[PDB]
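Structure first, commentary second.
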Amino acid sequence: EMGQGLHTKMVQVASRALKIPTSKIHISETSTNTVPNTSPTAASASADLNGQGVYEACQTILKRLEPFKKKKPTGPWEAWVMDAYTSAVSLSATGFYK
Amino acid sequence: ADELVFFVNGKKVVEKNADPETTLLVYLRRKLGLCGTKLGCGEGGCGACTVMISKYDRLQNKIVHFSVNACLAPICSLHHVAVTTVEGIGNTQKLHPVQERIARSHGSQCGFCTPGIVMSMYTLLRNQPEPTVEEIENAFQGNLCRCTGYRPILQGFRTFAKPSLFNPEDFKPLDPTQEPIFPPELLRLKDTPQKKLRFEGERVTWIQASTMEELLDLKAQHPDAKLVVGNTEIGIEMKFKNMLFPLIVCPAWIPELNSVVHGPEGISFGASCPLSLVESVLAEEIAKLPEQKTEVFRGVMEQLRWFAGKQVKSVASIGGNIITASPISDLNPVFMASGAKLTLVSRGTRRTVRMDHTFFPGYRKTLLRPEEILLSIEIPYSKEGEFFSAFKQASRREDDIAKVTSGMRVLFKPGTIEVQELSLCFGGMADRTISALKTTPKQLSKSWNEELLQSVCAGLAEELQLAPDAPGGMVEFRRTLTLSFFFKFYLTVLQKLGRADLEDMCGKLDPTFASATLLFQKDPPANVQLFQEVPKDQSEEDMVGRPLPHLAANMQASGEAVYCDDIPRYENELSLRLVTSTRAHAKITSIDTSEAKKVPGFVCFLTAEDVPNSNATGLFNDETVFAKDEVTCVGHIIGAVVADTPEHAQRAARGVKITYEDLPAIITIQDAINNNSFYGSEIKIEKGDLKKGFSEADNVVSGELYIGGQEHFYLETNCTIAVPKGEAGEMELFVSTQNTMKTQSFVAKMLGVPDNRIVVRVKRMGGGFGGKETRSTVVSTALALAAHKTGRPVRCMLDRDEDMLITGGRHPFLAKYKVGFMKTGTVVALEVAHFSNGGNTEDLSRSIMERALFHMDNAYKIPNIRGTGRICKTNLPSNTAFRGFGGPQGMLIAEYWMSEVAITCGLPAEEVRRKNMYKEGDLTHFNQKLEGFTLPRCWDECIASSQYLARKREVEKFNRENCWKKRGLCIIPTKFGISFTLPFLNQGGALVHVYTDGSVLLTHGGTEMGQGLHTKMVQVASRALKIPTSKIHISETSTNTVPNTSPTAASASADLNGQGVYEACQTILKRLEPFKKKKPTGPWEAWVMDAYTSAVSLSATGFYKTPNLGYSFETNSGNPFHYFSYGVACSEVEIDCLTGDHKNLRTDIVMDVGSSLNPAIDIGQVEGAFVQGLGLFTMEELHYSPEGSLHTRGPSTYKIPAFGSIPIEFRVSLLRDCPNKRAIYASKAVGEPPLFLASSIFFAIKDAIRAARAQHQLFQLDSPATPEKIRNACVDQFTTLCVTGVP
Amino acid sequence: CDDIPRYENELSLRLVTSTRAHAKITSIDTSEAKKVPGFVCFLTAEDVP
Ligand SMILES: Cc1cc2nc3c(=O)[nH]c(=O)nc-3n(C[C@H](O)[C@H](O)[C@H](O)COP(=O)(O)OP(=O)(O)OC[C@H]3O[C@@H](n4cnc5c(N)ncnc54)[C@H](O)[C@@H]3O)c2cc1C
Ligand SMILES: O=c1[nH]c(=O)c2[nH]c(=O)[nH]c2[nH]1
Ligand code: FES
Ligand code: FES
């Protein structure tokens, strides 16, 4: 983030991809020890590239929550998450785009 | 003057405004930033703060070197000395031999004790470059280690004296000329004479007196001036008893207080002479003088063997011991018994007194006038026909407080066995050192024979009375000790008379009595570690199953490894101190902070009112962050002071005055039973038909067993730094915790922000052992609130006394059993009711009771069985996880009634155990099938390598030959279920990155607490990826790299995280496969760079869950465990039937760790776990007042195993050829299962006690089997006389 | 970045730059630098590990 509103956009993207309010999603910083081998934030391309990355990471989480969604189609997001956790389903994912 | 000048690691320090209250430890860490030297206790009993001092000794014209506890050394005492810390002797770029050897020998696990032990060993080598094995052991009487079980430290260091886990031939040789120069400034400076110095702090003025005239003038004008020499008593008074001496005078420099003068009657020591000087002087005299002259000298030396350790004796003064006048002084009874002559001086007065009952007129008083000082003490030569003994019995031999301590002297009419003088003096039997003055006069002129023995014993039993409520308890044992000591003296005198060739025959000892008179000595160690070589075909780069040292061992030895409080403070960082309840159960009626607000640097007092969101916390939400309206234990956190410094926070916390209104308290297990005060309902497992089983039995045995709790004593206490980021509620916490997830949850809930704002990071812990699985959060949440409120970083590291009080421990258990068995020893029916003391929140207490019930079988098939468990809810600090987690309690109970089955049937215990043992394919009482059941092989190998049957014969023979010492021998098996009792906790995660240089950064959910988990994960990653371990690094554990992690607990962390790590590595490999095919030899670096320039992701998560777990208590079906750990230990002991002391002669362990991931680390876990279990079952005892206040709050009173505690011959084998396919690379978990095997020492002790009792039936032995319980169970003429009043 | 609180032991760095477009460095004299209170060291190519 250098003032171009990149984190804002990525939150907007993640919120649509996950179908949850932006209020439940947070970006705190950028670090080499969370995402490695990153291109510079340059070439006006960073929302294009990171948007896709975020979208894919979100799609992986959604795929893992699907069976919990199917069993509790209305019961809130928080109930699917706690159900996945107590079923020992991973709630962490990487995402990538080229 | 007023500048303080000393040297640190060869660099000059000039401190222009020295505060007398500043310790060296604080100065090093906070002022110079040298954080190698650690805080472990602040009370001189742990050695974690050990450093070396060098100075020019003017009185000997030589350079001297000695070790000190930095936690007790006032910087104002150190003018013109040179300090050496761990950083001063080497670093990872060039390790000192001492550093290299402790690291390479697997002598460092958590690493927190390592600098202190390095400095003790280093100091020894500066004084003696070729020490004996005995001198090496003795170097560490003041150093504790909780992790290693001490064996590897001594074994690696043995190399300095006079397949393999390490190779001593690769150690770099020691060149003593390459040590740091004595600073030439201090040699120049020693030419100029000493002048008086004055230092002025915030509260205290210190005068360093240069001459006797200065000292005595000061004491004449200001009698209030407090003398400080070694500070080993005053430091404790100031830090722990909140005593404040606004004017201190240190006379250590004055020549007359440091002189040693020979006289016709004995040797005079200046009162400021350190005990180490007394020892060295008396040792030379003892070696050169005739035995007949050195009886008192040897008494003093015998007490000094067991007096603290090297660090305290280097600074502790002989005069300081005398004037402290502690009831439990080990020297005052010896000076009193020998009538040592004391010289007292004031300005213009000088008098002499021979020490006697009169010298100590009341509690911590002497007959010194306020303006007098003790100048000297003359320790007498013994005369012809004058004999002396000294005794001490404590909880532990080394660095303990005496329970009873004594000096005894007899003088015979020349040529005769007729008494001219007799002096029997005792510490620990009153509020001062006393003489048995009613008993001794009655013996004058009597001959030294059986009537005198009997007369003295009756005299002592009547004269040394203790009320049943006497301060300190243990009244039977203490009284028994006074007679037992006198008996040993009686016999020793007979032996000495026998050597004299008198004209008139004294009694001769029967050879069965001889061993009663022996001074304690232990043979040198003989250790064997056996493990399995990896396949010959295994690549040299594949380190799985190889003994790779702990990855941080070199840095731990160098003091470069960073623990939480070693992190530098921010310029704006604040300090927090918890304020706790001094009542078990009360309403808080008011809180007054008026005095706290006056302390300089005071910021705020936080209470329940300050919590932004929720005051409800803890695993089951039944705990307060801060007490509201009422307190429910002594130690319940009421609030937290925030100030600039720890010292200011501590002073301000003292100014928080709470008023209470008491409420009915429930303290003990029996109180809870009577009040129906439990956590939830009865837990029960039952199988078969009890009524049928009992009615078919040949024999039925009933009984009860009490098992005391346990303090973890991680050498690093609980510690949190919370760093507020000032944005969106964001906060980062650096924590010594096993549980990042719950730390994050609990902080987020308290503040009312989402988990996504809160990051918890753990680099390493200086030990955890379960005590940081949950109870760390009571600190974390408080510092987090302070950081939020102030918007500044805040830090809190608990003092040992705070930590031991607040954070709880292992659950004490009470059990009632009834066992039905056949004449053959076959058990057919068992019913056990268990009760645990949970304290004042639920925490893990129910799960612990579950695990006890799951292990109530230990290794034994019992067809008709019922166990119940109830968890008592009490007004005590909440008890929690401790390595074993209910397992050891459940299994001791099993082994206890099993021991009584064997005795009742009159059959050998090993046979009774073996015929009741499960076999392969059997179901447990909870219906889990035992597959890959290796226990029989562990048992057979252990029986064979221990030479059990042969040694049983040798024990029998020793016992026929010895009346007052007895040996015991026992072999114990164990089965331990692996997996969290709560199934969903059996999961773990990893995150791996490969950077474009080919290096790999790995992280997983597991935390490092000395168990070598990161080392194991790097070994696993390196095999999985097929690259060297050197290319993989793990830096830390953090909630923002791997979320929703289970605690590092249940011995499961390598199993869970190793799978996680493996899967993440498989993902990376799959992605590199196309690059590997296109260049099948090109190095790893080319594949990686080709992947990167092809825009292929080089980051992956991994995850694992243990499959097919889930037990139901309702249907008694479902597998709680993934697999079982198995092992066997054979232990032999020798007890002193007259004192309750014992030696651990030999222990042999055979453990199944599957195909070990790392046999060095796994052998270290076996030894470490075993030695904590040795503590639990024989040494460690917590004591509470009737009103529920923990009294045992430091190493002075809580005695964990010391270097000298461990089995003399200590043999560990890892079982060969036993792959466990259902954990990572066929390994098994190792952390907790070995602990229970120390019960072999408990039952060996029980067997020795039985032999003692036969010398004079199902007698009681509760746990821990302390000297008190052992001695009291060795019923004899002495115990009988003391209890019943009948000889 | 610079709003982050300083550690108690944190030091400050100042770069020293060329006042010539193209030149040989014939010598460097740090004698005056060393007399400034709080000076720690002057790093150059030689110090690069
Ligand atoms: C870890 C540890 C283990 C210990 N183990 C033992 C043990 O096993 N047995 C045992 O008996 N003790 C033990 N002690 C107690 C303590 O070490 C001794 O009592 C020690 O000898 C005190 O000497 P010091 O020079 O440190 O005294 P300081 O603490 O400096 O002073 C002690 C008292 O003596 C006074 N004083 C000192 N010199 C003079 C003088 N010349 N004239 C008049 N007053 C004087 C001081 O004013 C003060 O009241 C232990 C202490 C520690 C910290
Ligand atoms: O089944 C267990 N659960 C735990 O939470 C725990 N903690 C621990 O130290 N050992 C165990 N065992
Ligand atoms: S911290 Fe000094 S002896 Fe424990
Ligand atoms: S390695 Fe010694 S206390 Fe941990």
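Whatever order the structure lists ligands and atoms in, that order sets their numbers, starting from 1. Quick note on labels: first sequence line is chain A, next is B, and so on, each numbered from 1. Values below: every heavy atom of this structure, side chains too, minus hydrogens, waters and symmetry copies.
A donor-acceptor pair is defined here as one N or O able to donate and one able to accept, closer than 3.5 Å; no such pair exists between the side chain of B:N739 and the backbone of B:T774. Side-chain atoms of B:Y150 come within 3.5 Å of backbone atoms of B:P1201 as a donor-acceptor pair (strictly under, hydrogens ignored). Looking only at distances, a side-chain donor or acceptor of B:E1008 sits under 3.5 Å from a matching main-chain atom of B:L1013. Here the side chain of B:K219 pairs a donor or acceptor atom with the backbone of B:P370 at under 3.5 angstrom. Under the 3.5 Å distance criterion, the side-chain polar atoms of B:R851 are left unmatched by any main-chain donor or acceptor of B:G886. Distance alone, capped at 3.5 Å, is enough to place a donor-acceptor pair between the B:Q710 side chain and the B:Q1172 backbone.
The aromatic ring centres of B:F885 and B:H855 sit 6.0 Å or more apart. Aromatic ring centres of B:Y563 and B:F112: separated by under 6.0 Å. Between B:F1113 and B:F854, a ring centre-to-centre spacing shorter than 6.0 Å is recorded.
Close N/O approach between B:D330 and ligand 1 is found [any backbone or side-chain N/O within under 3.5 Å]. By the 3.5 Å distance cut-off applied to N or O atoms, B:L275 is not counted among the residues near ligand 1. At a 3.5 angstrom cut-off on N or O pairs, B:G45 does not count as close to ligand 1. Checked by distance only, ligand 1 and B:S317 come closer than 3.5 Å through their nitrogen or oxygen atoms. Of the polar atoms of B:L227, at least one N or O is found under 3.5 Å from an N or O of ligand 1, judged by distance alone. Annotation: B:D399 places no N or O atom under 3.5 Å from an N or O atom of ligand 1; distance criterion only. The shortest N/O to N/O separation between B:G319 and ligand 1 does not fall below 3.5 Å. For ligand 1, the polar-atom distance check finds an N/O of B:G230 within less than 3.5 Å of one of the ligand's N/O atoms. Residue B:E372 has no nitrogen or oxygen atom sitting less than 3.5 Å from a nitrogen or oxygen atom of ligand 1, judged on distance alone.
Scanning the protein heavy atoms around atom 27 (O) of ligand 1, the nearest turns out to be B:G320 CA, 3.7 Å. Of the protein's non-hydrogen atoms, B:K226 CE, 3.7 Å is the one closest to atom 49 (O) of ligand 1. Closest to atom 1 (O) of ligand 2, if we only count protein heavy atoms, is B:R851 NH2, 2.9 Å. Among protein heavy atoms, the minimum distance from atom 10 (N) of ligand 2 is reached at B:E1232 OE2, 2.8 Å. Here the heavy atom of the protein found nearest to atom 12 (N) of ligand 1 is B:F307 CZ, 3.2 Å. Closest protein heavy atom to atom 1 (C) of ligand 1: B:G44 O, 3.2 Å. Of the protein's non-hydrogen atoms, the one nearest atom 7 (N) of ligand 2 is B:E773 OE1, 2.6 Å. Among all protein heavy atoms, the one lying closest to atom 30 (O) of ligand 1 is B:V229 N, 2.7 Å. In terms of protein heavy atoms, atom 41 (N) of ligand 1 is closest to B:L374 O, 2.9 Å. Scanning the protein heavy atoms around atom 20 (C) of ligand 1, the nearest turns out to be B:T232 OG1, 3.4 Å. Of the protein's non-hydrogen atoms, B:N321 OD1, 3.6 Å is the one closest to atom 18 (C) of ligand 1.
Comparing B:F769, B:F885, B:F976 by heavy-atom distance to atom 2 (C) of ligand 2, the nearest is B:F885. Remark: among candidates B:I254, B:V312, B:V249, the nearest residue to atom 50 (C) of ligand 1 is B:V312, based on non-hydrogen atoms. The closest non-hydrogen atom to atom 44 (N) of ligand 1, taken over B:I323, B:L368, B:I234, B:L257, comes from B:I323.
Close approach to B:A271 involves these atoms of ligand 1, each under 4.0 Å from a residue heavy atom: 41 (N). Less than 4.0 angstrom separates some heavy atom of B:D400 from each of these atoms of ligand 1: 8 (O). Residue B:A1049 approaches ligand 2 through these ligand atoms, each under 4.0 Å from one of its heavy atoms: 7 (N), 8 (C). Interface atoms of ligand 1 facing B:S329, defined by a heavy-atom separation under 4.0 Å, are 11 (O). The atoms of ligand 2 that sit less than 4.0 Å from any heavy atom of B:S979 are 1 (O).
Using a 4.0 angstrom heavy-atom cutoff, B:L375 does not count as in contact with ligand 1. Distances shorter than 4.0 angstrom occur between a heavy atom of B:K392 and an atom of ligand 1. In this structure, B:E43 has a heavy atom closer than 4.0 Å to ligand 1.
With salt bridges taken as basic N to acidic carboxylate O contacts below 4.0 Å, one links B:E716 and B:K772.
The two residues B:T232 and B:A316 have their closest heavy-atom pair at OG1-CB, 3.8 Å.
For the residue pair B:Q556/B:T114, the side-chain donor-acceptor check at 3.5 Å is not satisfied. Counting only N and O atoms by type, the side chains of B:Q155 and B:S105 include no donor and acceptor under 3.5 Å apart. There is a side-chain donor-acceptor pair under 3.5 Å between B:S120 and B:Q311. Side-chain contact check for B:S346 and B:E371: no donor-acceptor pair (N or O, by modelled atom type) lies under 3.5 Å.
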Set out, in order, the CA-CA distance, both residues' side-chain angles and the distance that settles salt bridge (charged side-chain N to carboxylate O under 4.0 Å, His left out) for B:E279 and B:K313, then state yes or no. CA-CA 9 Å; B:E279 268 187 313; B:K313 284 188 276 183; 3.3 Å; yes

Go through the steps for B:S108 and B:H550 under the test side chain to side chain donor-acceptor pair (under 3.5 Å), then give the verdict. CA-CA 8 Å; B:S108 194; B:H550 193 295; over 6 Å; no

Under the salt bridge (charged side-chain N to carboxylate O under 4.0 Å, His left out) rule, what do B:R364 and B:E233 come out as? Steps first, then yes or no, please. CA-CA 12 Å; B:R364 296 184 166 246; B:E233 165 70 18; 2.9 Å; yes

Using the side chain to side chain contact (heavy atoms under 4.5 Å, CB included) rule, take B:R369 and B:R351 through it: C-alpha gap first, then chi angles, then the decisive distance, then the call. CA-CA 11 Å; B:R369 295 187 317 261; B:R351 64 166 171 154; 3.7 Å; yes

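To the nearest 0.5 Å, the span separating OG1 on B:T366 from CD1 on B:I322 amounts to 10.0 Å.
When non-hydrogen atoms are compared, ligand 2 lies under 4.0 Å from the backbone of B:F980 as well as from its side chain.
Contact of the B:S272 side chain with the B:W253 side chain is not registered, since no non-hydrogen atoms from C-beta on lie closer than 4.5 Å. B:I117 is listed as a side-chain neighbour of B:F140, based on a closest heavy-atom distance under 4.5 Å.
For atom 2 (Fe) of ligand 4, the count of nearby protein N/O/S atoms, taking only those under 2.8 Å, is 2.
Within a 4.0 Å radius of atom 32 (C) of ligand 1, the protein has at least one heavy atom.
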